[PDB]
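Visitor: Give me a 3D structure for the following:
(chains A, B, C, D, E and F, ligands or ions: 40)
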Amino acid sequence: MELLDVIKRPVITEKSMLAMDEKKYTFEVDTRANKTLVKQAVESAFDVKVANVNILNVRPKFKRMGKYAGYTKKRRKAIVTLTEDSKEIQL
Amino acid sequence: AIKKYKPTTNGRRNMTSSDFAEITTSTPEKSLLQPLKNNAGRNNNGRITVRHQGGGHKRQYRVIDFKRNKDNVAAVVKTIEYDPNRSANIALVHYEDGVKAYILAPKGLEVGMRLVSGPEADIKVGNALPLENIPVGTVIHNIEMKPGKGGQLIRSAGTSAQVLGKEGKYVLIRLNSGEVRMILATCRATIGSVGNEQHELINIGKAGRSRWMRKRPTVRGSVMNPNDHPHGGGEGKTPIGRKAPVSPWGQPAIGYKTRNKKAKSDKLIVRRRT
Amino acid sequence: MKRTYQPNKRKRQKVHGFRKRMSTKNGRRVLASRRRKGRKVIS
RNA sequence: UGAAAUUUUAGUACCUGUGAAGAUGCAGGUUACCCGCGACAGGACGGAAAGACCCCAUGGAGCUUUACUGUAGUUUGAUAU
RNA sequence: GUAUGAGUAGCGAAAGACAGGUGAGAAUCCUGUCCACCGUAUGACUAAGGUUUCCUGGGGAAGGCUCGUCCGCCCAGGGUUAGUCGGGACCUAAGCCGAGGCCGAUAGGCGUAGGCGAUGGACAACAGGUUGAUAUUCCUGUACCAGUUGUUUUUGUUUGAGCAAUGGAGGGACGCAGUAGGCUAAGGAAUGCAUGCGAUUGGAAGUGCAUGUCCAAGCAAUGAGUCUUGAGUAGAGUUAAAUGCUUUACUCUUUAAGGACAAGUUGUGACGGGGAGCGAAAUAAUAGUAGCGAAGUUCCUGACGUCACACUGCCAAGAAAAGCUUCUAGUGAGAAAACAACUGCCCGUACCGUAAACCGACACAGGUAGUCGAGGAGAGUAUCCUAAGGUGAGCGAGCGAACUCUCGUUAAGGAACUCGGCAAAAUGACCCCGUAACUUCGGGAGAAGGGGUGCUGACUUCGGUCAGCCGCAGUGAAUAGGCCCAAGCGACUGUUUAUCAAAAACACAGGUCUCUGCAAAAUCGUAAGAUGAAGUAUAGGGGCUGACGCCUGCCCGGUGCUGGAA
RNA sequence: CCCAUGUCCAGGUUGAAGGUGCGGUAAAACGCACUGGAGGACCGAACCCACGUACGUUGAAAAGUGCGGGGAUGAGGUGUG
Ligand SMILES: [K+]
Ligand SMILES: [K+]
Ligand SMILES: [K+]
Ligand SMILES: [K+]
Ligand SMILES: [K+]
Ligand SMILES: [Mg+2]
Ligand SMILES: [Mg+2]
Ligand SMILES: [Mg+2]
Ligand SMILES: [Mg+2]
Ligand SMILES: [Mg+2]
Ligand SMILES: [Mg+2]
Ligand SMILES: [Mg+2]
Ligand SMILES: [Mg+2]
Ligand SMILES: [Mg+2]
Ligand SMILES: [Mg+2]
Ligand SMILES: [Mg+2]
Ligand SMILES: [Mg+2]
Ligand SMILES: [Mg+2]
Ligand SMILES: [Mg+2]
Ligand SMILES: [Mg+2]
Ligand SMILES: [Mg+2]
Ligand SMILES: [Mg+2]
Ligand SMILES: [Mg+2]
Ligand SMILES: [Mg+2]
Ligand SMILES: [Mg+2]
Ligand SMILES: [Mg+2]
Ligand SMILES: [Mg+2]
Ligand SMILES: [Mg+2]
Ligand SMILES: [Mg+2]
Ligand SMILES: [Mg+2]
Ligand SMILES: [Mg+2]
Ligand SMILES: [Mg+2]
Ligand SMILES: [Mg+2]
Ligand SMILES: [Mg+2]
Ligand SMILES: [Mg+2]
Ligand SMILES: [Mg+2]
Ligand SMILES: [Mg+2]
Ligand SMILES: [Mg+2]
Ligand SMILES: [Mg+2]
Ligand SMILES: [Mg+2]
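Guide: Numbering: from 1, shown residues only, chains lettered A, B, ... in the order given. Ligands and ions are numbered 1, 2, ... in the order given. Dropping the coordinates below:
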């Protein structure tokens, strides 16, 4: 796929902010994606030199609204750890 | 020789076994081995085709030169070895070209003894000659039926055939089982008896030892139900309420002959006992 | 007291699975009967 | 906190007798204030179950066989290849 | 749909009590103190399975067999980070599929090549911390495997270094039992060492009390020890070759030497980290939390954990394939090392997990693979009580009736009960003495039957022993055979009607008969094809009997079978 | 029931063959000790099974619990595929 549709959005949570304060940023990603593609995507989207990338894929979380029950969509969340001698992405 | 265990326990009471005096090693050759799946009487379709089998100790298959294709190249015996797939023992031979191989260790064979094959070969144990080049009266073993198929007939323990004559292209052969037969003269055979004549004498003493020998239990049809065997059923204990006792199918058990009467080899068979 | 249903994902899908059914001919009939019925769970 | 089996309606005594022949309910006589609680289990031919013993059905199923009729296999022959 | 029974049975094995708090409301929730329960688990890992049940913040409509401020319930948010763990980009067994092909009313069945497929083989990491929830994954240090670029130093340039096969070889590569032995977890917590403190209930500042009494992977060196004779000529062969591999003769050596393999030890890693305990404000540190931090010895026991299937014995004779090493054939002008930097994918990763999250309709006295599984006494994972740690059982209060159940004692008697000694009782551990008929000489046999066992000093040459003391009683509690005589059946150990029959029934080794000459016979199947067998009459199939011993008589007229033949 | 591949069986006990030595012998049969450590061997936890008994029998449970019970290196139990 294309590098900007690879990434979808960031994950604003307490854990993610605590990681932002340690220079590694969370991002939701195309579920079909790849770690090297996340790396390429961020490197082309921010001119920042990436150091490491971790990935999780989150299960679909059960939910319901009245009679009707279902599943939250699957997600894939990458954690992009940057280098020193590098910028800090601004969100 | 035979061992006769003392009667410490009621299972070990009347047991016997072999002392394995004739065996030099428990260490077979890593090259001539192949694996065996125990079929337990099952078949391609998974159904029991041969009853009363399976469930014993694991075994390997030892590749054996029943053919003796190799001629004018001698072979010296090193070791005699246990083969679980059979009743007889076997023997390792190095051909002087370096080929290792197993063969069926005849009677009166010992380490260092040297063996050959072909018409030029000599009348001595272990040597594979065609029935062309074998005199009358000699005991042989490891007989084949079609040239190049390999030895088929005399391969088990304490067995002994005997040449008795010729009719041109054929040779007249007494076998174990008392049967006299005409066999193709270009078939190869080896001189002597086959080996441990004492295997017939072994008492076993334990059902579990039969199990180790891969023999499940035999259940009698005088106790089964009528759906299960023609002898089944009856109040108390029943005689065979039939003529001609039978298999689980309708085949009689005693007397009924089973050789096909259209058998091509009936012209070859001269005098049969069984 | 052991019971009849000792679950296993693998055995379940190897026996009662789409691949098995679609491989056998008489599974093609089963699946096509789920559809004629109009099932949400074809397998 | 909170069931179940059961249950035609019921203000549901006893003896003797009667009666589809063994009555809480019919008769005659006797006894008995109304309502409950804990216990027992003689009866309600109590409950559970369209008797498994028995008989019947021109019922069923399994099994046996020198019951009948057939047949897969086995075998012999003729003919073709 | 609602009654009846009936506001009845039941509320599903077990210990909780109290003070405070929260709160509209408290046996039921929270905090705390005592108390009890588990402890070869009622503890800590973890595969499967479940699949969000995990964490936080609210809630009490329903569910929870009571209540409920609470929950595995409801609601809103969040949470699962891997080059090295497990699985795939590696290998294959059983088994499956199956080009072509064979067989076949169709449909399809079989099956070769080649693939798939772990429960196995191969394969480079581990110490701490850290979150409310993740941890060989994140963080800090220290590595390791495969690979890339560059620099430096070397050497190969076609009589050619190096790479090197699907080809040849080796290796991988294996069973069961049994002890010796080494080493190390581990334990005693015996000893010393460090820290803290002198108890108010009569006594003690001492041989008093309590607590603790460490650290990898990797690198280097070493190594208890264990395997294996090895070198050289003439050769033959390794589908062609080869310096590799196999082997036939021949010489020398074999306590040896050489070549491999090794648990583990020490030094680093480590000026680090952990750690008894002491213990910050500015306080949602409404702290025991940042933070600080001592010493970490000696002796005894001592592991089937590991060396290691190493050795010995035994028979029932104990996977393969790939990685890996070597060989050349081939290919080849670039390759080797040191250093710096860089790259390393996909799935799982939460939580339960001898359970209230799995299977059983339930928060069900059931079942659920494997690993660790401490101490005293003890042979012991038995048993009783405890440690670490975890629990207090999802209805209670009182009263202390019959009756039912689970337990405990009982006068005298002692199986008179009863279908019947059913059940219960009694015996029960260890040491010593002693032990019948019969016997297949092995056994019977732990026969039977007896005695002793505690504590304190002397004594041994370490166990006996002597003397004394106390109790009704000394394996003082718990845990552990009732025995004998005779008879029948079956020889035995085993198997059997999941859910009324455990047996004298089945099997069993043994015996006998019969068939079968190998494309066996028999069997599955339309047939191919397969089992039998990668077997071959001392093998296989079928029938009967059923260890061992003495035996197994007469009948072939009949019914079958076998053979025969006019 | 079977195929393949794995895994589990605390502890203790008895003491077969074989071997060694000492006797005894003309030399041996043979005997006495020691070693050795076999077994569908023994006692007995886990594990497996279900003999009896009581209870439960609209059960805690659509086959159990308690009190005892049998086997427990093998014809063993169990896991995965
Ligand atoms: K009554
Ligand atoms: K009928
Ligand atoms: K695996
Ligand atoms: K213990
Ligand atoms: K006759
Ligand atoms: Mg991942
Ligand atoms: Mg029967
Ligand atoms: Mg019949
Ligand atoms: Mg009779
Ligand atoms: Mg009969
Ligand atoms: Mg009547
Ligand atoms: Mg009347
Ligand atoms: Mg009237
Ligand atoms: Mg009442
Ligand atoms: Mg009735
Ligand atoms: Mg009726
Ligand atoms: Mg009532
Ligand atoms: Mg309860
Ligand atoms: Mg215990
Ligand atoms: Mg929770
Ligand atoms: Mg409630
Ligand atoms: Mg909550
Ligand atoms: Mg196929
Ligand atoms: Mg294949
Ligand atoms: Mg005082
Ligand atoms: Mg976890
Ligand atoms: Mg509960
Ligand atoms: Mg009394
Ligand atoms: Mg009496
Ligand atoms: Mg009794
Ligand atoms: Mg006691
Ligand atoms: Mg009698
Ligand atoms: Mg018996
Ligand atoms: Mg028994
Ligand atoms: Mg039963
Ligand atoms: Mg019999
Ligand atoms: Mg035993
Ligand atoms: Mg036992
Ligand atoms: Mg189990
Ligand atoms: Mg029973």
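
Visitor: can you give me the strands in chain A?
Guide: Shown for chain A, the strands assigned by DSSP state E span residues A:7-9, A:24-29, A:50-58, A:62-65, A:68-71, A:75-82.

Visitor: So for RNA strand F, which of those strands sits nearest?
Guide: Of all the strands of chain A, strand A:50-58 sits nearest to RNA strand F, with 24.6 Å by Cβ to the nearest atom of the strand. From N, CA and C alone the C-beta is placed, and that goes for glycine too.

Visitor: Show me which parts of that closest one are buried, residue by residue.
Guide: For strand A:50-58, burial by neighbour count (16 or more other Cβ atoms under 10 Å in any protein chain shown) applies to A:50, A:53.

Visitor: Please apply the same query to stretch B:242-258.
Guide: B:245-246.

Visitor: How about it and RNA strand E, any contact?
Guide: Yes. Stretch B:242-258 is in contact with RNA strand E by Cβ under 7 Å from any atom of the strand, via B:243-249, B:251-258.

Visitor: Equivalent analysis for stretch C:29-37, please.
Guide: No. Taking Cβ under 7 Å from any atom of the strand as the criterion, stretch C:29-37 and RNA strand E are apart, separated by no less than 10.3 Å.

Visitor: same thing with stretch A:61-81?
Guide: Yes. Judged by Cβ under 7 Å from any atom of the strand, stretch A:61-81 and RNA strand E are in contact via A:61-65, A:76-77, A:79, A:81.

Visitor: gap between stretch B:137-155 and the chain center?
Guide: Relative to its chain's centre, stretch B:137-155 lies at 12 Å (Cα atoms, centre = their mean, to the nearest Å).

Visitor: Give me the most central residue, chain C.
Guide: residue C:16 (3.0 Å; Cα atoms, centre = their mean).

Visitor: so who does it touch?
Guide: Residues near residue C:16 by Cβ atoms under 8 Å, 6 or more residues apart in numbering or on different chains: residue C:43.

Visitor: same question, residue B:27
Guide: Residue B:27 neighbours (Cβ under 8 Å, 6+ apart): none.

Visitor: And residue A:79, by the same measure?
Guide: Residue A:79 neighbours (Cβ under 8 Å, 6+ apart): A:19, A:24-27, A:53-56.

Visitor: hang on, the earlier thing: make a markdown table out of the strands of chain A and add distance to residue B:136.
Guide: Listed next are the strands of chain A as a markdown table, based on distance: least, Cβ to Cβ, whole Å:
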| stretch | distance to residue B:136 |
| --- | --- |
| strand A:7-9 | 95 |
| strand A:24-29 | 91 |
| strand A:50-58 | 85 |
| strand A:62-65 | 91 |
| strand A:68-71 | 90 |
| strand A:75-82 | 88 |
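
Visitor: Ramachandran angles for the residue nearest to the centre of chain C?
Guide: phi -100, psi 30 (degrees, to the nearest 10).

Visitor: ok, residue B:198 touching residue B:4?
Guide: No. Between residue B:198 and residue B:4 there is no contact under Cβ atoms under 8 Å: 11.9 Å.

Visitor: From residue B:262, how far off is the residue nearest to the centre of chain C?
Guide: From residue C:16 across to residue B:262, the span is 50 Å (Cβ to Cβ, to the nearest Å).

Visitor: packing partners for the longest helix along chain A?
Guide: Using DSSP state H, we find that the single longest helix of chain A is helix A:35-46. With contacts taken as 3 or more Cβ pairs under 8 Å, 6 or more residues apart in numbering or on different chains; DSSP states H and E, helix A:35-46 sits against helix A:3-6, strand A:7-9, strand A:24-29, strand A:50-58, strand A:75-82.

Visitor: can you tell me if the fourth one touches RNA strand E.
Guide: Yes. Contact between strand A:50-58 and RNA strand E is present through A:51-58 (criterion: Cβ under 7 Å from any atom of the strand).

Visitor: and what of stretch B:76-90?
Guide: Yes. With Cβ under 7 Å from any atom of the strand as the criterion, RNA strand E is reached by stretch B:76-90 at B:76, B:78, B:82, B:84-88.

Visitor: Next, the buried residues of that stretch.
Guide: B:77-84, B:86-90.

Visitor: cool, and stretch B:5-25?
Guide: Per 16+ other Cβ under 10 Å, stretch B:5-25 contains these buried residues: B:15, B:18, B:22-23.

Visitor: Looking at those, which are in strands?
Guide: residue B:18.

Visitor: In CSV: the buried residues of stretch B:5-25, plus distance to RNA strand F.
Guide: Shown next, in CSV, are those (distance: Cβ to the nearest atom of the strand, whole Å):
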residue, distance to RNA strand F
B:15, 7
B:18, 12
B:22, 17
B:23, 16
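
Visitor: same for RNA strand E: which of the buried residues of stretch B:5-25 are within range?
Guide: Restricting these to contacts with RNA strand E (Cβ under 7 Å from any atom of the strand) yields B:15, B:18, B:23.

Visitor: My guess is the last one contacts residue B:82. True?
Guide: It refers to residue B:23. Yes. Residue B:23 is in contact with residue B:82 according to Cβ under 8 Å; the separation is 5.8 Å.

Visitor: any shared contact partners between those two?
Guide: Joint contacts of residue B:23 and residue B:82 (Cβ under 8 Å, 6+ apart) are residue B:89.

Visitor: I'd assumed residue B:222 was in contact with residue B:238.
Guide: Yes. Assessed by Cβ under 8 Å, residue B:238 is found in contact with residue B:222 at 6.2 Å.

Visitor: So for these two, which residue has more residues nearby?
Guide: residue B:222 (16 against 12; other Cβ atoms under 10 Å in any protein chain shown).

Visitor: I'd like to know how many residues surround the nearest residue to the more buried one once chain neighbours are set aside.
Guide: Distance criterion Cβ to Cβ, 6 or more residues apart in numbering or on different chains; nearest residue to residue B:222, sequence neighbours excluded, is residue B:231 at 4.9 Å. For residue B:231, the neighbour count with other Cβ under 10 Å is 22.
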